[PDB]
Every structure is written in C-alpha cells, then in structure tokens.
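As structure tokens, the next two blocks hold two forms of the same chain, structure 1 and structure 2.
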Structure 1
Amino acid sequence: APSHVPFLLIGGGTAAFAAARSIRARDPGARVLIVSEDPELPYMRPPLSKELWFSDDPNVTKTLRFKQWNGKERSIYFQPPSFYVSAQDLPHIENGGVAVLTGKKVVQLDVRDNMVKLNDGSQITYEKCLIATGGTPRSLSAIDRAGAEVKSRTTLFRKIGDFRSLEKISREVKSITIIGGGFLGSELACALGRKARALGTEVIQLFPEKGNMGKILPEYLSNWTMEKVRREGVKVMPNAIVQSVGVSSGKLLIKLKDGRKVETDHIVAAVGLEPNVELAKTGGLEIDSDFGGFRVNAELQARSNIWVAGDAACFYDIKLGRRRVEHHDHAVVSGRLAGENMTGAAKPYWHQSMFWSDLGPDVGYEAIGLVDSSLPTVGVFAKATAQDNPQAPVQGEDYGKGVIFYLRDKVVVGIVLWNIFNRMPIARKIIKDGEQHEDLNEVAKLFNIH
C-alpha cells in the first residue's frame, strides 16, 4: 500500500472496475489503485442468482464459470488475476496499471487533504478519487431481534460466499423460504425451484405485496408473473406480513400477522439494500434524504477531485431528473463515465443505462428509464391494451408479449420490454426524444405489437 497514488478507487465491485478500465483507456499511462473491503478481486454479481445455478458442471461452485445466453462460457471475474500489478509495484512499474488492495476498508476521508485512512492505520493521498462502495443487504427486524438459533438459519445474499453456502444448503435441507418479492427474492426463488424439482424438495416465497415485483410492475402484470414463478415449483404466499420467527423442535417457524404459521429449514432474506454511505460522515459529503446515497451532480461529481458511481450514487439526470439506480449495467455506465471525467472529460450522464431479469423460460424482460409501479402506466400486448393508475386492466388475460410505458405528463419516462428482444435501441430513442405522444398504440408499433 503506497502513501500516494494518482487515481484512488474506493470499493472493489463493478463500478470501480469499469472506472479503472476507462481511465486506462483515456490515459494509457495511468496509475490506479482499488482499495477493496472484500478479499475477492472484482466480479460481476448477476450470475450468482441466475446462470451459476443452471450449470450442468458439478464443479461450478469451485470453477465459477458460466454460460452466457449465447453459448460462450466465461468466468465470473472481470479479468484474470495475472492482469493486475502489485500494490507495492504500482509507483514504479513502467506504463502503470491497475492494483487491487484486497481486504482493507476505508474508514475515514479527509476531503481537504485529499487523503483516506484505512482500518489498519495506513494513509493514502490521491489526486482523483471515486467512491464506489455499493450497498449492504437490509435485514428484517423480526430476525434481527431473535436468537442465535434463528440467526444461524438465516442468509443475506450478495457475495460469492453466499452462493456457496446457499447452494450447499439447497442440497441438504427439505424446505427453504425466501422472504421478499423484489429482484433478488424472485430470481432466487426460480433458481431454487428448478433445483428442488430434481429432489422433490420445497421452496416457499412470501412477501407483503400482492405479487412479485410489486414496486416495479403494474398489478396485472405482477400477478401474471407470480403465476409463472409458481410454475417453477415455488409455493408463493403473497399478502404475508411476518410477525415473528423462532425455532420449534429444530425447525424454523415463521408466524404471520394473519395467524398462519410457516415451517421451514432455512430462510433467505431479500428485502432491499442500504447504500454504503459511512464515509459521508467524516468526509462531510451531502447525503440525499429522498433517494439515499451520496448526492452528486450530472457529471457524478461531489466535490472537486471526488466522484461517486454505482449503487451509492444519487445523481442528476438532465433528461429524467434526480435518481439513484441499483443495477449491474448502471454500475458499468456510471463507473465508465466517472473514469472519463476523472481524466478531464467533463461529460454529463446521457447514455441511459438499462436492466434485465428472468424468471423461468416465460418471463424475460428488459427495461430503461424511471420504471416505477407508482407511476401511471399504459401497456400494449399481443392480446389486450391495458391502462393503470383502450381500457382498464383485466387480470387473468394473456400477457406473454408487450411493451409497458411509464408516464409523466404525456412524456414516456420509462419503458419495459416484455418478452421482446432486440428493440432496446428504440426504447432509448423514445426516452431521449421526450415527446408528448398522442396515441401510444402508435408508439407501440415500433416494437412489433400487433
């Protein structure tokens, strides 16, 4: 660990890596240090809830290689270890390169003196710095307030480590319960459901909302989705409010506020994330009270010499207003954009990032913009043409293929492409134009629906 380094990147996930690759591309001589709390070198997370589960290789938990949707096999890691330079070496080695100081944590930040202090006492000074701290899984107070007995049987899910433990458990218990109906809970339910199909074991998913992906999708579509998650071999329990959790003769017992009791062997809790904003205290950086995370401008800049990117960044979108996005692709785009800006670029966030998700073979979608079920929607499908806050939506209908528009005024500000491939460039085009559209059935033709 050197005492000075030109570019300091705090946090060793997706955003930070994208930043490093970007800086090097715009300054082929650059010297970049990543300080990373995790012992692991930068890796992507999506395969931990999706592809690593569907691998036919039994060695998959050691190899950590997966197949992409298009044949090509690869590693979970961004680069092979042999592509980074030592932390000690980084000041000298000609041409520079990227170093990763693994297993250390930044615990104090002094913006005045361009300096960080590590948890071991080390101090580093910097010319340019990026916070890319990500966030931590939220906990359930019903679990927080229980005993060792309970907590020992409870998983949060974020790291490679978590994928090794849960994969092991799935192979040796009879029943697992997922608590949460968002992205992680739902994707996990499917992966575990396809696994339980072989052994005839059970998988329960329960949550407060009426159906999966309640905070993202309109009610009709969220309902349609839940039915598909069931068909993956999952026992879905909507409208469940967890009251308490204890053990009874070696088993977990979940008690719902409705009087029902759920018995199970293990619990995974997917109930959102808390953005990692500890450094904001000592650094004296503005936190956003509405969205959470560090408040930064359109260029991801907080103070001079310091930028924020990824899950921890609340930024200004010139086109869609202030936001904070927590998705893989956004981490890449914003990390890459901060890299450019740390090497003088000065460009505002403009190329919109996107996301995607899959729940069994029949639910596959991509999305862009402000995609929030609390906004008015207009949806258009190969069966019906439904509006929600050309008529009001009917559950039980066929919703296998369509596009859903999310509105502010007459302006489309978010789109979800529902089992439709290869039309993302047009979704981008529509968000960018920001026209007040007369008839959205016209706009929908752009996506081949009809």
Structure 2
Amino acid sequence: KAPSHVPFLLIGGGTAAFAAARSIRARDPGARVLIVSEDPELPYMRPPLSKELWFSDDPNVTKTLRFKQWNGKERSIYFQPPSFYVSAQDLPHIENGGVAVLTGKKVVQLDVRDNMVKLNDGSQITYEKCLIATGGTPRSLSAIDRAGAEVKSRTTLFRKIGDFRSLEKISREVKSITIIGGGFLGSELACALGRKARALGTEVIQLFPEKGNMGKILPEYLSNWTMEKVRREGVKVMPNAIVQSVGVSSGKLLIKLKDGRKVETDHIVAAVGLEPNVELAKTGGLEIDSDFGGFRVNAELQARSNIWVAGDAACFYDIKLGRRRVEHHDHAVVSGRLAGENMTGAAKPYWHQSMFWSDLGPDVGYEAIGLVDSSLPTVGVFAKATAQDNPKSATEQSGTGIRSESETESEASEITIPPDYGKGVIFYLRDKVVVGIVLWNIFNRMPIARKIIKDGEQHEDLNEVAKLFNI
C-alpha cells in the first residue's frame, strides 16, 4: 500500500503532524503529504480523553467519540472527517495531491544520508522533506516494572483512545481504581472517575509523593485547595505517598507505601510523565538531549537540512528559558504549523511562548505559561470568582473547549495598569522579573500573561500587575 516515494513525509500521526499537514497544503495547494502512524486511528486531539468524554450519559459516545463540550455542543475527537484524506496508493499522482495516512505502520529505520525510512513490514519510503512528530511514550513506575506480568497487565498508562475505552470499561466493571500521580492528568482522571464512581457507588483513590495535587508546580495554598476539590468529588486522595512495591494478594492489587500504609485495589492507572519517542535517533544518528529529553533542533526546528521535529518529541530552544521540551497541545499545534511553513521555505524561527491548560470539569480550570515550578519564589494574588470565571462559561463564550484556540496565540499590544477565593494569578519570579505565570479560573487573559513575561521588566508591585487580570 505504501508508495515508494513522497515529497513530504510526516512520521507520527498526532496533533503536530496534523498541524504540519494543514500548513503545507495551505502554502502549497497541490502538495503530496503522507502521514505514517503506528496507531490504528486517524489523527485526533488528546485533551477530551481525560475530560468531556467522561462527562456523558450516552453509551454511544465510546463508539463515536463525538463528545459534548461544556456548552452542550458536539465535536469530533478527530481533526477532520475520514473522507477528507486520500489513499496512500492514490497519493503519488492524484490530481491536486492531498494528505494520506498509513495507519498501523511503524517507522523503524531512518537513513538520513539516503533520505529513506523503513517500516516494520519491510516497506521502504524515500522523502524530500521529513517531519519527525513521534510524541512520547508514557513513563511507568519502577515498582510496577519490577513486579512482573500480572501487575503490569492490570496497570493502564493513559494516553490513547484505546486507554480511554479500556479504562471506561474497567470503571463500570470493578469496585476500586487507584491513580498514581498528582499532576494535571492524574488529577483530571481522578475527577472524571470520581464522578462515574458516585453514580455506581464504587471507589477511586489517587496517591502521590507530594504534599498536594500538582505539588511540583503549584504553591502550597493552591495545591492544597485543589486536593480539597478532588476530595469533594468523592476521591480518596493520599499525599506524601512513596510507593515501595506492588504485588497481587489473593486476586487484588496490593500497593505498599514507605510510611507503612497498604492500599488494596482492583486496577491501577499511572500518570507520571512521558518519555519522548527518540528510537529513530539511533539509526538516524541524530542528537538527543540527555538532560531534558527529545531530539535537539535549531531555531527553525531543524534536526538536519531536510528533517524537522515538532511537538512532544522536540527539544527546542526557548527564547527565554534555553533548551526545553514541553507537553502542551498549543506547542504541538504551533510548532507543527511552523515546521510545515519551514518545509515550504518560510525559514522562520520558533519564538512562540507555548501555553498549557487543564480543566478538572466544567467548574475549575487552570492555564500556565513559562517557567512554572513550585521551588521558585512566587507571589499569588487571589479574589472571589464571578459567575463567568469557570471553564463552562469560557466555553459558552468562545464556542470551544480547546483553550489554546479561545485564548489566541498572540501576545497583547499593551498592558496599561488600570487606575472564599475562587480565582487568581500566580507569578513565578527571578530577581523581581516574572519568568512564569499560572492562572486559576481566569480566561481570555493569556495574551496579557505572554506580554508580561516577554517584556521581562522588574515589577515593584505585583498587586498592581494583578489588576490586568481583573483581580
């Protein structure tokens, strides 16, 4: 089925590859683009898998994957209808070109000098320009790694459609599920599973070594508030939990913690970060970053004269922060688009400041930008929330749940300071300069946050700065 040659080859069929395909076709209306995708699905967005797809009373949603946004309006998880793609066989000579996807196929060898890749089925494909957009593989716990096949078979590493379907099934079938990891994803899943368990009368546990949810990122006040929110959903949250081992004890999973607590459960979900998919660097002879992970690229996202990297797999040069890798939807879209533009001769640098967002449900959301690390000095400024300061209202206003879309990618032109907390802004500092911002239930203000960080001025009074965020 695979053609012998394609002008544009995109390795991996995720968010970054789809953005690049769209960019290439916009700039070159007759372009011929092939996406090679190891997963059996056509390109789709990930955020709904831990969010709106769980907030449903319709059993058909697991089959269609057409979810309802917080505003009640339906959207498909897929970036475009399957009929918008051309067949890989037709690609070389179909009038006006198109975008094809080879699903269920892995690129296993990259030969840079020969502009060639080899698939797992032995197929050889040459390219003129290549994007690596392979994303990452979920990290496991060493305690699970060392526990043997039975424990492993009863642990979900949450990333794909397949994991959504298998976990949604498990949540209807078993009595107890344990999430390991306190980050945004672990916490989203805790809230999603918690809501399911309430209707079924079952148990959800979330455990992590930090003092509270998102403890590596949020300062203690807001980390603690989040833990209480998750507890209000019915979830048993266990902070200061260091996993010693995991075994099977008369049919149940048994998690032993260093402090002496034991946790008995039916299934485990791990959400403890990501290992960038860099296997192709071996045969490709490409440099990887041993400190931050990922393929090292220049300002234009090039690994080689005709090889670019975008999305989760890229270790890029952040304009403010230096060598960096992120796991942001926004980054995958903007870096993928830019790769596509540069593959069609734009030669433009990656200067975008990537934003991140998380919704715990329709009532609580976060946004983040820049260097966000709870070990840094911070200043938090908080206020009571208004009726509009929640993900649902933000989605009602914008028409979308993908916040990188509603926020805009832009930075504000100017930021003239105007002359039971439920929202706020948190500034992360270096010598009175703001290097990162977290927004709690404040929407449509990311351009202001980008402007503050880009300008890099010293600020005498952060309480004045907070007025820009309507605090």
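The term rigid core refers to the most C-alpha atoms you can superpose between the two forms while keeping them within 1.5 Å. Residue indices: 1-based, along structure 1.
Colleague: Can you tell which of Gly284, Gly344, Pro81, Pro376 moves its Cα by 2 Å or more between structures 1 and 2, with the two forms laid on the rigid core?
Modeller: After core superposition, the single residue displaced by 2 Å or more is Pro376.
Colleague: Is the C-alpha displacement of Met44 equal to or greater than 2 Å between structures 1 and 2 once the rigid core has been superposed?
Modeller: Moves: no, less than 2 Å.
Colleague: Using a superposition on the rigid core, decide whether the Cα position of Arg112 changes by 2 angstroms or more between structures 1 and 2.
Modeller: It does not, since the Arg112 C-alpha is displaced less than 2 Å between structures 1 and 2 after the core fit.
Colleague: Indicate whether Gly134 shows a C-alpha shift of 2 Å or more between structures 1 and 2, with the rigid core used for the fit.
Modeller: Comparing forms between structures 1 and 2, the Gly134 CA shifts below 2 Å.
Colleague: Align on the rigid core first, then pass along the CA displacement of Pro361 between structures 1 and 2 in angstrom.
Modeller: Comparing between structures 1 and 2 after core fitting, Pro361 shifts 4.8 Å at its C-alpha.
Colleague: Superpose the two forms on the rigid core and tell me the Cα shift of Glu149 between structures 1 and 2 in angstrom.
Modeller: That residue's C-alpha sits 2.9 Å away in the other form.
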